[PDB]
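Undergrad: Encoded as structure tokens, here's the structure I'll be asking about.
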Amino acid sequence: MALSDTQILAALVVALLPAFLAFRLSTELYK
Amino acid sequence: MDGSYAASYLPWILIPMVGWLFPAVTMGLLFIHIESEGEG
Amino acid sequence: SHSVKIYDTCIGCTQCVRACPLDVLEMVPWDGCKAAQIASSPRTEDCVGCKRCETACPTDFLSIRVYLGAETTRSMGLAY
Amino acid sequence: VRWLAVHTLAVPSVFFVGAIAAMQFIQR
Amino acid sequence: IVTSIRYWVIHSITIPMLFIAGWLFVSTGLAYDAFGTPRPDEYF
Amino acid sequence: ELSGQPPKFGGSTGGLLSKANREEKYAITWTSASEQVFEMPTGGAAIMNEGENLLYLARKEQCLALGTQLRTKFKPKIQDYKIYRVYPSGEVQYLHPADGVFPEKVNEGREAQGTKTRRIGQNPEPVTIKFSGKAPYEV
Amino acid sequence: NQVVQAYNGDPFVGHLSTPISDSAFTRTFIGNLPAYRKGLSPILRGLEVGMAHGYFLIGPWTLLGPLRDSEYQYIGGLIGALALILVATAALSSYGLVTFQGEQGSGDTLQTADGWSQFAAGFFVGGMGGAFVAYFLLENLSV
Ligand code: CLA
Ligand code: CLA
Ligand code: CLA
Ligand code: HEM
Ligand SMILES: CC1=C(/C=C/C(C)=C\C=C\C(C)=C\C=C\C=C(C)\C=C\C=C(C)\C=C\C2=C(C)C(=O)CCC2(C)C)C(C)(C)C[C@H](O)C1
Ligand SMILES: CC1=C(/C=C/C(C)=C/C=C/C(C)=C/C=C/C=C(C)/C=C/C=C(C)/C=C/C2=C(C)C(=O)CCC2(C)C)C(C)(C)CCC1
Ligand SMILES: CC1=C(/C=C/C(C)=C/C=C/C(C)=C/C=C/C=C(C)/C=C/C=C(C)/C=C/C2=C(C)CCCC2(C)C)C(C)(C)CCC1
Ligand SMILES: CC1=C(/C=C/C(C)=C/C=C/C(C)=C/C=C/C=C(C)/C=C/C=C(C)/C=C/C2=C(C)CCCC2(C)C)C(C)(C)CCC1
Ligand code: SF4
Ligand code: SF4
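Have a look at this one:
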């Protein structure tokens, strides 16, 4: 059966974390 | 435009942000940074 | 700005000085050649790196070399 | 009514987000 | 019909001017003055 | 300051721009024995006066091109041209000739700078001077 | 007789006198424009400039835009004009932020950070005013 919209929203919430980690890594590499 | 996939409203807002809001913001910030004088 | 270096193979032929259009080179007294003169580049901040000085040099390879570096308003030849 | 129920929250929120957006630049 | 047209017009007049009003309020020396928040220069 | 009597010119669009009054400009002065016609390095031809003349340009290369034209393209040659750099603050730095004698000829009192004591083939290898921020000619 | 001479008395500058470069009518018309007039506050300058520049932008989308066929035509033109004026204000603010962030002078009140910011704000509000008045003129009824 197809995905549920709650799954999509949860996927976005989960993907929030690698965004923050990537921002931190980029700022560290900028130094 | 609309589709039968779940959460069909997500493209309606996500695509304009990644097409207008995000590019405008990043080019604005980059233009500000690349022009800040001093501290070479 | 560009860097202009004169090596010890110069024969004091003065061609490089005349070929320079932005008045960067000069003839100074010397002893290592028959002509008893050598080339100097006191005003390298005005050199645009047009390589005319090298084109005028008659020695094997080049007794005068021009290395292009940081670009300023003068070295880029800008009128605006 | 629903009109007030939405506007009482909407009409200050845009003002406030514009304020914070400007503060994100006013910092020296 | 015309009702949606008026809805769009009313929502186009107000949102940009409200955002810019907030931006002007905090950009000038109004936010510090009204709310009592000190500007960074006066700090001792 | 400097002398005057600009050459009789109708002007052109190839002259100075904002940089002239914001970064620097250049001046060239020379004394000619006749009121004749020369070629402006900015496009067009201009009449230079009998006596002293002063001309403002935007680049040192233009001044030296005009100096070359003066020295070579006239039967009574001109050898007294002077080139100064005019800063936006009114400070004037005398550029060419440096010591008053032309750079093409040997003269005492020069410092002999920019000279390497080795051949171009004896430069140090790039690998040996790695992580020194200097190219082989810089050492 | 000669209508073409040096630009403002110095031939050596990169300009020439033309019947449109320094004519009396040219200087009078240019000098009285809102961006070049005398004794006008930067905020009012921006208001006056934005009014016209947002008034005239209502045109192309109303007649040529994708919604020109439907009744949602003048509304589409209005939305396009508002978006364009918003982006214009953003660009003006960015230019002001990046240009006059060094030393500040008051010889010209337009060429300073606070002056340019006031110009941008007035330009925004004038753009909205002009676009909306143009829509009110063009759009039928809706009242
Ligand atoms: C790199 C992988 C990748 C790529 C190329 C796309 C591509 C696309 N996604 Mg998508 N997406 C991804 C991963 C990706 N997705 C992931 C992991 C998720 C789970 C959170 C989603 C969730 C998602 C949703 C919910 C929607 C899209 C939509 C879209 C389409 C609209 C354009 C867009 O990306 O903005 C919107 C997409 C996002 C904001 C996703 C965030 C970006 C992901 C999470 C990470 C990308 C980082 C990337 C490596 C950065 C590289 C930088 C490089 C260019 C220099 C487009 C086809 C839209 C669509 O299908 O419209 C019809 C839509 O509504 N995506
Ligand atoms: C789509 C393009 C466009 C259009 C239609 C307008 C339209 C307008 N602008 Mg505007 N402007 C634009 C882009 C545009 N602008 C851009 C990109 C900028 C950023 C620099 C500006 C900055 C700006 C300022 C700062 C001002 C205007 C003003 C004006 C108004 C008066 C017209 C004017 O400036 O004098 C006409 C234009 C000139 C005199 C400039 C020179 C144009 C060339 C050199 C003409 C060549 C001469 C030639 C011989 C004429 C004959 C040619 C042919 C017919 C034979 C008018 C509503 C003024 C205003 O507020 O009015 C209310 C004003 O003060 N504009
Ligand atoms: C120059 C080439 C050109 C031209 C004239 C047009 C024209 C048009 N396109 Mg189009 N387009 C083009 C290239 C072009 N396109 C390209 C290369 C692409 C991408 C491949 C597109 C993609 C595209 C899309 C996706 C859409 C259009 C649409 C449209 C129409 C309305 C939107 C519009 O442009 O007006 C809006 C207004 C502007 C863009 C700005 C107006 C600029 C003004 C008029 C300049 C005036 C200067 C002034 C006169 C200077 C003198 C000043 C003096 C008087 C003082 C219109 C017929 C839309 C449509 O369907 O309509 C039928 C639409 O949805 N276009
Ligand atoms: C003076 C300011 C405003 C006035 C007079 C006004 C007026 C109205 C009116 C008459 C409606 C009814 C139309 C409808 O519900 O479809 C409406 C709806 C709405 N307004 Fe506003 N508006 C104002 C500002 C704003 C702003 C700044 C926002 C920002 C989000 C906003 C959010 C909304 C929303 C979300 C609706 C839809 C209500 C619904 O769907 O139930 N309003 N407004
Ligand atoms: C008249 C004049 C001058 C001379 C100007 C001349 C001769 C020509 C100028 C032409 C210009 C400036 C043309 C400008 C064109 C702009 C266009 C084509 C804009 C298109 C915009 C679109 C289609 C936007 C679409 C969108 C918007 C608004 C969004 O926000 C996002 C969505 C989307 C991409 C659809 C000068 C001398 C420059 C200054 C003087 O003050 C006034
Ligand atoms: C809050 C919330 C909700 C909504 C959440 C929303 C809306 C979330 C949106 C999430 C998004 C939008 C995620 C975006 C992710 C982006 C990523 C993961 C980017 C990764 C980049 C990487 C890995 C590396 C980049 C780079 C590096 C490392 C460099 O050094 C420079 C080059 C460069 C390429 C830049 C809802 C209401 C649902 C429920 C309640 C909670
Ligand atoms: C995040 C993300 C990503 C990335 C993205 C990107 C990076 C993007 C970029 C972006 C961009 C890149 C953007 C752009 C935009 C643009 C625009 C928006 C423009 C506009 C324009 C117009 C409007 C035009 C107009 C005109 C002209 C100018 C001329 C002719 C005519 C016409 C009208 C056409 C990906 C994919 C990985 C996916 C995941 C997420
Ligand atoms: C006065 C006026 C006006 C004008 C305005 C202005 C003046 C504007 C400006 C504008 C501007 C001034 C803008 C800017 C822009 C910018 C940009 C758009 C940028 C981009 C960027 C990019 C492209 C990036 C790239 C990069 C880099 C750099 C590095 C890293 C990588 C990358 C690639 C990312 C108008 C018309 C309105 C009207 C009237 C008045
Ligand atoms: S052209 Fe070469 S050989 Fe002649 S003086 Fe100059 S550097 Fe020496
Ligand atoms: S590169 Fe050109 S400007 Fe530089 S010294 Fe050689 S001839 Fe003169």
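Chains as they are written, first to last, in my numbering: chain R, 1 to 31; chain A, 1001 to 1040; chain S, 2001 to 2080; chain P, 3001 to 3028; chain Z, 4001 to 4044; chain B, 5001 to 5139; chain Y, 6001 to 6143. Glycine residues also receive a C-beta, built at the ideal position from the N, C-alpha and C atoms.
(1) Which residues in chain R sit within 9 Å of residue 1024 of chain A, going by Cβ to Cβ distance?
(2) Measuring from each Cβ to the nearest heavy atom of ligand 2, keep the ones under 5 Å and list them in chain order.
(3) Using 10 angstroms around the beta-carbon of residue 2023 of chain S, count the other beta-carbons present and answer buried if the total reaches 16, otherwise exposed.
(4) Anyone know if the C-beta pair for residue 6098 of chain Y and residue 1039 of chain A falls short of 8 Å?
(5) For a test of the three-state rule: what should DSSP assign to residue 5053 of chain B, helix, strand or coil?
(6) If you measure from the beta carbon of residue 4016 of chain Z to each beta carbon in chain Y, is any gap under 8 Å?
(7) For residue 1017 of chain A, which of helix, strand or coil comes out of DSSP?
(8) Can you tell me the Cβ-Cβ gap for residue 5033 of chain B and residue 5076 of chain B, rounded? I've got them flagged as a contact below 8 Å.
(9) At the 8 Å Cβ level, is residue 4027 of chain Z part of the contact set with chain P, yes or no?
(10) At a Cβ threshold of 8 Å, is residue 4020 of chain Z touching chain P?
(11) What whole-angstrom Cβ distance do residue 5083 of chain B and residue 5109 of chain B have, given they're in contact under 8 Å?
(12) Closest Cβ-Cβ distance between residue 5081 of chain B and chain S: below 8 Å?
(13) To the nearest angstrom, how far is the alpha carbon of residue 5105 of chain B from that of residue 2014 of chain S?
(14) Using the Cβ count rule (16 or more neighbours within 10 Å means buried), how would you classify residue 6048 of chain Y?
(15) Mind the definition here: the stretch 5109 to 5118 of chain B touches the stretch 4019 to 4029 of chain Z only if three or more C-beta pairs lie below 8 Å; say whether that holds.
(16) What does a CB cutoff of less than 7 Å around residue 5022 of chain B pick up in its chain, not counting 5 residues either side in sequence?
(17) Examine chain B for any beta-carbon lying closer than 8 Å to the beta-carbon of residue 6104 of chain Y, and answer yes or no.
(18) I'd like to know whether the C-beta of residue 5056 of chain B is nearer than 8 Å to at least one C-beta of chain S.
(19) Residues near ligand 1, CB to any non-hydrogen atom under 6 Å, in chain order?
(20) Which residue or residues does DSSP assign as beta-bridge partners of residue 5115 of chain B?
(21) Drop a sphere of 10 angstroms on the beta-carbon of residue 6081 of chain Y, count the other beta-carbons inside from all chains shown, and report buried for 16 or more, exposed for fewer.
(22) Quick one: which chain E residues come within Cβ less than 7 Å of residue 5016 of chain B?
(23) Does the separation of the CB atoms of residue 5005 of chain B and residue 5053 of chain B fall below 8 Å?
TA: Result, derived from the coordinates:
(1) Contact of residue 1024 of chain A with chain R by beta-carbon distance below 9 Å is absent, the smallest such distance being about 19 Å.
(2) In chain order, the hits are Y:6033, Y:6034, Y:6035, Y:6049, Y:6052.
(3) That one is buried.
(4) Result no, Cβ atoms of residue 6098 of chain Y and residue 1039 of chain A do not sit closer than 8 Å.
(5) Annotated three-state conformation of residue 5053 of chain B is strand, per DSSP.
(6) Yes, residue 4016 of chain Z lies at the interface with chain Y (some Cβ there is under 8 Å from its Cβ).
(7) DSSP places residue 1017 of chain A in helix when its eight states are reduced to three.
(8) Sure, about 6 Å apart at Cβ, within 8 Å.
(9) Cβ-Cβ to chain P under 8 Å: yes for residue 4027 of chain Z.
(10) So, interface residue.
(11) Contact between residue 5083 of chain B and residue 5109 of chain B is absent: CB atoms are separated by about 20 Å, not below the 8 Å threshold.
(12) Taking Cβ atoms only, chain S never reaches closer than 8 Å to residue 5081 of chain B, which makes this a no.
(13) Their Cα atoms are separated by approximately 8 Å.
(14) That one is buried.
(15) The stretch 5109 to 5118 of chain B vs the stretch 4019 to 4029 of chain Z: no contact.
(16) Only 5088 meet the Cβ criterion.
(17) It does not: the Cβ of residue 6104 of chain Y has no partner Cβ on chain B nearer than 8 Å.
(18) Contact of residue 5056 of chain B with chain S is not assigned, every C-beta pair being separated by 8 Å or more.
(19) This criterion selects R:8, R:11, R:12, R:15, A:1010, A:1011, A:1014, A:1015, A:1018.
(20) S:2006.
(21) It counts as buried.
(22) The structure shown contains no chain E; the protein chains it does contain are R, A, S, P, Z, B and Y.
(23) Cβ distance < 8 Å, so residue 5005 of chain B and residue 5053 of chain B count as in contact.
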